[PDB]
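Residue numbers (the working numbering), protein chains in the order written: chain A, 1 to 52; chain B, 1 to 311; chain C, 1 to 104; chain D, 1 to 217; chain E, 1 to 209; chain F, 1 to 78; chain G, 1 to 78.
Built from N, CA and C at the ideal position, the CB exists for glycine as well.
Please read the structure below before turning to the comments.
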Amino acid sequence: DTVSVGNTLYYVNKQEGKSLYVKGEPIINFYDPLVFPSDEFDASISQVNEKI
Amino acid sequence: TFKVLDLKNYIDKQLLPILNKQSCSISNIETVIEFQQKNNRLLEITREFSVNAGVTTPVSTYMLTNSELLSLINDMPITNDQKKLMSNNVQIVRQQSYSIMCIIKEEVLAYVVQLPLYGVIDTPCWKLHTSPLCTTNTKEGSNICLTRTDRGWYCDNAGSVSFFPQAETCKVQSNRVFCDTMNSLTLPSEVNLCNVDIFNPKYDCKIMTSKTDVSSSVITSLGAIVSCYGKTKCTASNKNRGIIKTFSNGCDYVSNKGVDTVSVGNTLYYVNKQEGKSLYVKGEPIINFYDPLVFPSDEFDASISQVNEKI
Amino acid sequence: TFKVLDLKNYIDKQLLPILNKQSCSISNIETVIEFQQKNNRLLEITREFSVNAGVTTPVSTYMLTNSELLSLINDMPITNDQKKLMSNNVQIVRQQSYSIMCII
Amino acid sequence: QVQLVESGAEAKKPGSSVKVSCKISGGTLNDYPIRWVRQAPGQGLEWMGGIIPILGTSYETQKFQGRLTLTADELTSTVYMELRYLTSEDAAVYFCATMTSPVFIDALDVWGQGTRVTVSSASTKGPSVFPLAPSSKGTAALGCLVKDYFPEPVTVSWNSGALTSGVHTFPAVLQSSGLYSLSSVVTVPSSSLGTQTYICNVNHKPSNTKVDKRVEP
Amino acid sequence: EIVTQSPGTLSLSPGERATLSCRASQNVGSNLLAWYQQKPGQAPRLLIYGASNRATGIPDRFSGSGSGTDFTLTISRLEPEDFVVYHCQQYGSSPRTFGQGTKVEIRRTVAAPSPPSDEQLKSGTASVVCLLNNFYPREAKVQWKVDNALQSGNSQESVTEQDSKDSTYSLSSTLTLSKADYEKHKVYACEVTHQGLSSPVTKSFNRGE
Amino acid sequence: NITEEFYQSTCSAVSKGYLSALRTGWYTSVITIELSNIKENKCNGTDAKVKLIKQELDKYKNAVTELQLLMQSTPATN
Amino acid sequence: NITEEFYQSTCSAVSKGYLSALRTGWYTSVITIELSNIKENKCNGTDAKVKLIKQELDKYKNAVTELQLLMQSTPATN
């Protein structure tokens with residue numbers, strides 16, 4: 001009924017329905033930080049790959 | 001739970017005992033006016049929910065009068081400190097409240113009023129104002145500029161700092177700041193280090209970079225920040241003396257004592273006349289330290305370390 | 001400075017001369033309606049400031065009627081060109097105005 | 001401290017109207033809706049109705065709709081109830097009650113002193129007094145019979161005594177004739193039967209009047 | 001909605017534990033059951049609200065329990081001031097209904113018990129009294145005897161309250177008969193049962209003083 | 001009370017001396033209006049007072065039915 | 001009805017099961033109020049009912065003239 005992140009408390013919606021967790025490795029793990037473009041405000045997967 | 005209006009009692013008891021032997025003509029213009037007065041609150045509540053799809057904010061006086069709201073505050077399971085705070089700032093309490101329409105059945109019309117709970121009270125808060133910091137060259141496009149992007153409200157909370165970037169969602173009553181934590185970011189206390197030393201390594205201060213040198217002003221609590229660049233005419237004026245200072249190119253500050261008006265170009269600003277003490281802290285503009293040739297000049301959401309890394 | 005409503009005069013002169021010898025029952029449904037009409041503007045102003053924390057924008061007609069605003073424009077220390085412009089565009093003037101509650 | 005002060009005791013003839021008052025001290029009428037409850041002597045409590053002045057509303061139970069009227073007066077901080085079409089089953093003690101917190105809902109916290117209402121069949125009417133006679137013979141108890149009450153249980157003292165010497169608060173139960181009647185017993189060692197005079201007080205009905213009776217075998 | 005209490009009268013020594021029951025015709029909504037204490041001739045005092053929560057200032061010797069249909073008020077050890085009447089009220093539905101009440105009385109050792117008039121006969125009707133005194137077990141005076149015959153409907157009983165420092169006292173029984181029946185007979189005998197005694201006392205009522 | 005410091009190096013200012021009141025939770029209360037279920041507007045009355053009462057009762061009925069029609073759409077903000 | 005799937009790889013979630021109602025066009029209707037052209041407020045009446053009628057008629061006249069003064073500015077949103 002409640003999620004707290006730091007000093008912020010959120011009430012979750014109580015709507016009825018079914019939820020599904022789809023497991024997978026975070027894609028941020030695949031990126032080398034040394035050559036990672038870290039100020040791409042309006043970018044895309046291909047554009048980031050091109051810059052790398 | 002509150003029963004704020006009993007139309008069932010007023011219609012069945014008074015009114016509706018009219019002996020409708022083809023007549024029904026039992027009436028007094030007083031009870032016609034009285035019924036209009038009682039029925040009007042229901043009509044206004046229905047009007048408001050019709051135009052707001054059943055959810056309204058702030059809670060209007062038709063939805064909850066001052067006496068009902070104060071009584072509600074008095075009986076809420078909160079500290080006497082919180083009761084005193086909400087009672088003294090009822091208008092802010094209304095602004096931070098929702099009215100959700102639930103149900104109309106069994107001769108009952110019910111809506112929930114969702115009131116705020118101020119769990120953090122009387123902790124110190126401070127406001128950060130930022131203005132662009134360019135080089136002072138007269139030519140256009142021949143300047144490198146930097147700006148702190150962490151402007152907003154900061155408040156101590158549970159050993160951290162709750163940071164509210166959109167300061168327009170925070171309401172100030174004299175020395176008190178009312179803020180919603182749902183519009184906040186939780187930061188370590190070392191975020192205040194960006195005010196004593198922007199180059200400290202314990203916290204990565206947030207900045208943005210640009211090559212557009214444009215003149216503007218920021219009105220602070222007790223003064224005004226003036227960013228004058230190019231050939232813009234920036235002046236500080238007094239209501240009884242006229243222009244009393246002409247700003248040079250760069251970033252400058254003037255307190256509200258003795259100054260009632262700051263003009264930047266064709267824009268005229270009135271400074272706040274709040275009482276308080278101001279302090280000018282001298283230092284060399286950090287933009288002087290950066291070589292323009294290798295200066296990253298389109299860093300929209302960057303930091304001191306990130307800019308240093310790119311250099 | 002404008003005095004837009006005199007509730008002191010209407011309550012002390014008309015109304016309140018009811019000879020309260022246990023009765024106070026001096027009344028006419030006309031003055032009941034008239035008092036409601038006069039008091040309603042105060043109620044609406046109080047309503048608006050209650051939901052806006054004492055600062056409102058645009059300035060509503062309860063805060064300043066068209067005749068009062070036009071009279072205010074006429075006596076402002078501005079050019080006749082500016083008076084003509086504000087009078088012809090009263091709705092825009094309202095939209096670019098604030099009403100701040102000072103003192104009672 | 002919120003408290004309720006009620007009006008004095010009332011005696012009314014059948015078919016008339018009785019109006020009982022309740023004044024609140026230490027609190028506002030708008031802060032304290034007033035509930036009206038009653039109990040007949042010997043019987044349990046009976047919920048009559050209630051008034052919520054802040055809503056300007058009132059309600060009564062089904063047994064009292066059409067006969068019970070609840071009204072409020074804010075300037076005198078008072079609440080009035082009025083019961084009409086009286087019957088022998090409407091003579092009782094009437095209470096106004098309230099509560100100090102919204103958690104009680106209808107658990108009544110503060111109560112009035114109560115008001116006794118006597119549905120009569122007559123008016124101020126005096127009693128009759130009659131002594132006893134030697135019955136049979138350790139100790140010996142003798143009494144002074146009284147009859148035909150009406151103006152409420154009464155007290156009167158003349159030539160009476162100090163503490164102890166027995167207790168005299170006898171029941172004063174009613175009859176089928178609409179007229180109460182009580183007894184009394186004074187007990188003493190039988191020897192003093194031969195030398196001591198027994199002058200017993202007797203209750204008289206209005207309030208300020210008396211009967212005395214000497215018992216001689 | 002009906003809420004009946006049990007038992008009618010509770011006889012317990014001081015310092016003992018008292019258990020009073022209050023049952024309901026149907027389930028009480030939200031367990032909204034209250035207990036009041038009422039002293040003789042004054043307003044009731046609220047003891048329990050919500051069927052388990054005791055009010056402000058009430059000693060912790062009073063407690064409430066129960067749910068649905070059945071509720072209970074317990075006094076852990078009775079004080080002398082606790083021998084008064086107790087009412088249960090339900091307020092989970094409309095109308096709010098009370099109970100008949102329960103009397104708690106001091107229990108003690110069994111008892112210690114210690115003709116017609118002229119003027120009245122001259123005045124017409126007559127009333128013969130069968131009186132008693134300091135006695136505990138609540139049964140005083142039973143039957144009359146008019147010339148060795150029992151009667152019903154012409155006698156009235158009226159008892160007192162328990163004493164302060166002896167917890168006793170007794171009942172008055174008045175037999176009412178018109179002048180046509182007082183002078184028609186010459187004996188007014190009486191039989192009492194269980195007075196904490198041996199035989200009915202003072203049953204001689206010869207017509208005359 | 002309120003004090004302010006201007007940092008010339010970073011072109012920024014900090015105003016200190018304020019006190020906090022942070023909304024950390026929500027308290028929900030139920031506000032009710034008791035309504036009357038009326039169906040018989042039958043009245044063979046031409047009196048103007050009667051017409052005014054009829055108009056105000058129709059307004060009440062329209063408000064109640066409009067709220068019910070709103071209720072056939074569950075509340076949600078977006 | 002409504003189902004939701006969370007993708008851990010991209011830190012995103014999709015809530016499916018909703019039905020559309022998209023505003024694709026505009027329909028314009030003309031709403032009219034018939035007004036009365038009145039000029040003679042002449043009345044040598046001191047009756048309070050007369051004064052109330054005069055006040056409400058002045059309100060009507062002021063509303064009409066204010067709407068006309070609004071009309072001398074053609075509609076435009078910006």
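- In this structure, DSSP gives residue 67/B a helical state, which the three-state scheme calls helix.
- For residue 148/D, the closest alpha carbon among the candidates 127/E, 186/E and 58/E is that of 127/E.
- Taking the Cα of residue 32/B as reference, the smallest distance to any Cα among 69/F, 5/F and 50/F is reached at 50/F.
- Taking a Cβ-Cβ threshold of 8 Å, the residues of chain F close to residue 11/A are 26, in chain order.
- For residue 141/D, the chain E residues whose C-beta falls within less than 8 Å of its own C-beta are 114, 131 and 133, listed in chain order.
- The distance from the Cβ of residue 70/C to that of residue 87/C is about 6 Å, consistent with a contact at the 8 Å cut-off.
- Nearest neighbour of residue 60/G by Cα position, chosen from 9/G, 29/G and 41/G, turns out to be 41/G.
- Between residue 228/B and residue 237/B, the C-beta gap is not smaller than 8 Å, which leaves the two residues out of contact.
- Closest in C-alpha terms to residue 11/A, from the list 1/A, 17/A and 19/A, comes 1/A.
- CA-CA distance, residue 109/B to residue 119/B, rounds to 31 Å.
- Per the Cβ contact rule, the stretch 29 to 47 of chain E is in contact with the stretch 108 to 122 of chain D (3 or more Cβ pairs under 8 Å).
- Minimum Cα-Cα distance from residue 14/E among the listed residues 108/E, 98/E and 85/E corresponds to 108/E.
- Distance from the CA atom of residue 49/C to the CA atom of residue 90/E, rounded to whole angstroms, is 46 Å.
- Under the DSSP assignment, residue 53/G falls in the alpha helix (DSSP H) whose first and last residues are 48 to 71.
- The bridge partners DSSP lists for residue 98/D are 110/D.
- Counting along the chain, residue 108/B sits inside the beta strand (DSSP E) bounded by residues 108 to 130.
- Closest option to residue 181/D, judged by alpha-carbon separation, among 39/E, 155/E and 142/E: 155/E.
- For the stretch 281 to 292 of chain B, the set of positions with a beta-carbon nearer than 8 Å to some beta-carbon of chain F reads 281, 282, 283, 284, 285 and 286 in chain order.
- Scanning chain A for C-beta atoms nearer than 9 Å to the C-beta of residue 212/B yields nothing, as the closest lies near 16 Å away.
- For residue 58/D, the three-state secondary structure derived from DSSP is strand.
- Counting along the chain, residue 307/B sits inside the alpha helix (DSSP H) bounded by residues 304 to 310.
- Listed along the chain, the chain C residues whose CB falls inside 7 Å of the CB of residue 58/B are 51.
- Considering only beta carbons, the part of the stretch 92 to 112 of chain D lying closer than 7 Å to chain E consists of 95, 104, 105, 106, 107, 108, 109, 111 and 112, in chain order.
- Remark: C-beta atoms of residue 72/C and residue 2/C approach each other more closely than 8 Å.
- Residue environment: residue 22/F is assigned as buried (16 or more neighbouring CB atoms within 10 Å of its CB, all protein chains considered).
- Taken in chain order, the complete alpha helix (DSSP H) segments of 4 residues or longer contained in the stretch 44 to 129 of chain E are 118 to 122.
- Within the same chain, and ignoring the five residues on either side of residue 49/D in sequence, the residues whose Cβ sits closer than 8 Å to its Cβ are 35, 36, 58, 59, 60, 61, 64, 68, 70 and 81.
- At a Cβ-Cβ threshold of 8 Å, residue 17/E and residue 106/E do not count as neighbours.
- Residue environment analysis places residue 32/D among the buried positions, since at least 16 neighbouring C-beta atoms fall within 10 angstroms of its C-beta.
- Per DSSP, reduced to three states, the secondary structure at residue 8/C is helical.
- Distance between residue 33/G and residue 55/D, taken at the CA atoms: about 39 Å.
- Using a Cβ-Cβ cut-off of 9 Å, residue 221/B is close to nothing in chain A; its nearest Cβ partner there is about 24 Å away.
- Contact between residue 252/B and residue 226/B holds, with the beta-carbon distance rounding to 5 Å and staying under 8 Å.
- DSSP places residue 51/D within a strand segment (E or B) once states are collapsed to three.
- Rounded to the nearest whole angstrom, the C-alpha separation of residue 12/D and residue 22/C is 29 Å.
- The stretch 13 to 40 of chain B is shown to contain no whole beta strand (DSSP E) run of 3 or more residues.
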